[PDB]
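Chains here go by letter, A, B, C, D, E and F, matching the order in which they are written, and residues are numbered from 1 within each.
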């Protein structure tokens, strides 16, 4: 909805929608991969020109 | 090819692959995309709504929280959604009322966080609406 | 027909579970104790305690270890390991059934050791 | 020292078998993800075939590798393509993905790696993790403004017939004005081009990462498999040598004892 | 063989250990002592009771690190503990 | 206290590295240099260079290697080895480490290989 103004990207919006829609459901639908969809351990540390990987914040 | 094919293959688990249908009416970003048959060459980013994919059999209704349905010239509707939904598991009461409101706690975060979660503010209402 | 009908039934599981515990010996250290299924993690939590429970202080090994010895019987030990397999005391701690006596003697080991935590 | 060699090879074989089990466990999930991801990317590819979506023309450099440190040719082939891109486009920004690709990308050009995110190959390709990675990429340094971006991604044909093959991406400018984009129409208000660029990046990335995780799990079942064969051959040779040595020792003992008598 | 059947045990100083820099070179896994800590000042015993098990664990992870790859928390911790010890 | 604390440490490090190479040779052959640690890979590369530095041209052996013999000074050799383990020439060529004098002749050989091999 508010992806237009100050979000991250279309993927961020649809993924948050996925997280909520899964939250709009019980365990009888949410498979295990939905857990990694919620438990994202991808640690984003944007590097730099001088190879400055600042901080591996979970994605 | 006669009829209309749909390719509903979300990044989670592919649902439909070119199966024939009589209607795939869905809630597009600019409006309500009621592509029944053939359609025309135009692909639209989608808004959280209901995709009552009317096959040769009955129209299964699944409140889908987003995607893009590419209406390929071959009456192929490539609906690369982000989420999957049943005609029965996508229908519930308590799970669609308390979860969004509990998420409204997350809306108490800073400005960019609230700007992100503003989508979730109305996300769960769509499923309870389209569940019928 | 030579060792007791149950004793073979439990031992078959006991041999298999330990072999599975031996089978799960390699996997648990590789990626962690997660990969086991509910029955498997039950076996990992039944056998790794049973394999630990395999120990027993000796009535003659007094001079070194210092733990007073244990001398349960066949009607004791046989049904003891089965109850360990049966999970009737599956809530026991890690060292609860290890270096212990019979199954009824694995109850006190945790109970007296749990006094230090409370 | 032959006994230590045989036993050490046996231990390495046991470790290799454990790695094979871990490979099976990861490969199940990798295949599960790739199955749906391939169809997901084919959905938007149908549009890219519906409209010839050739992209012409600050251009990122990318590779495919999961959260493992090389397996036979899993990381080496991608590293060669990374070095080739570094030579061809030294001013090309690098997207360091996972660990092995992250290390390889940090090797060539310090000014190329714009991100350093680790542990992408934790499990099956997840829709939300890949989508968040893309959304961060779509937000990091205007990677959408990157006029072209080539995905040097694994193309596992059946088992390992692959390298980090390079493909184009239809961006915001290249989606609306494609020559055959006149076929599929867009709306001024709907702002299709940007969303099509982002979603094309999403589907391509999810499908490619799922294929790469499956292919490296293959490298954990098609490179350690070669290592398992090497261990089997070495173990057979060493077992032959030790069985011969024990027998010959016993025979020489009997001969010495009789020759004494 | 006869000595190892008659003697108290052994400190089987394998050449690899002494070559591995560990001078003195008691290959702890290949070592043995029938008498043991019962013939020891308990001041040593309180720390040796953990030292022996730590060396044992390091023996359990020597192959895993020989592979030169990642693992769980217990394995990496064991490897660091064993190398440090 | 015989040839120097630095010399003793240099020999200890060199022997440890070479022993590491021999110990990892089994997994190296079975799987490959890539399958192991980058620390392990670095140690293996340095050890291979060191082993290739072990030979030297001997004054009467010029019959075989063909080079006029080279007598490496003890202190110079110790310093060269400490450097080579310490990576003061770890980027020099491996084939330019065999049949030369001290690390000075090693660098001269690396330059010669830069001229010829290219």
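In the analysis below, a contact is a pair of C-beta atoms (placed from the backbone, for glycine too) under 8 Å apart; a residue touches a chain by one contact, two chains touch by 3 or more.
Minimum number of contact steps separating chain A from chain D: 1.
If each chain is reduced to the average of its C-alpha atoms, the one that sits nearest the average of all protein C-alpha atoms is D. The interface holding more C-beta pairs in contact, when E-F is weighed against C-D, is E-F.
Chain centres here are Cα means. That of chain D falls 35 Å from that of chain F. Computed centre separation for the pair chain C/chain E is 27 angstrom, with centres defined by C-alpha atoms.
Taking each chain's centre as the average of its CA atoms, chain D and chain E sit 39 Å apart. Per-chain Cα centroids separate chain A from chain B by 19 Å. Residues of chain F in contact with two or more other chains: 27, 35. For chain D, residues that reach two or more other chains under the stated contact definition are 12, 14, 19, 69, 127, 131, 195, 199, 202. Contact with two or more other chains is made by residues 16, 64, 66-67, 69 of chain E.
Chain-to-chain contact here is organised irregularly, matching neither a line nor a ring nor a star, and falling short of all pairs touching. Those chain pairs judged to touch are A-B, A-D, B-D, C-D, C-E, D-E, D-F, E-F. Chain C makes touch with chain E in their complex at residues 29-33, 63-64. Of all residues in chain D, only 4, 11-12, 14-15, 19, 69 touch chain E in the complex they form. By the touch criterion given at the top, residues 26-27, 30-31, 35 of chain C touch chain D in their complex.
Those residues of chain F whose C-beta lies close enough to touch chain E in the complex are 12-13, 15-16, 18-20, 23-24, 27, 35-37, 40. The part of chain D that touches chain B in the complex is made up of residues 35-37, 39-40, 42-44, 46-47, 49-51, 127, 130-131, 183-187, 189-190, 192, 195-196, 199, 202-203, 206.
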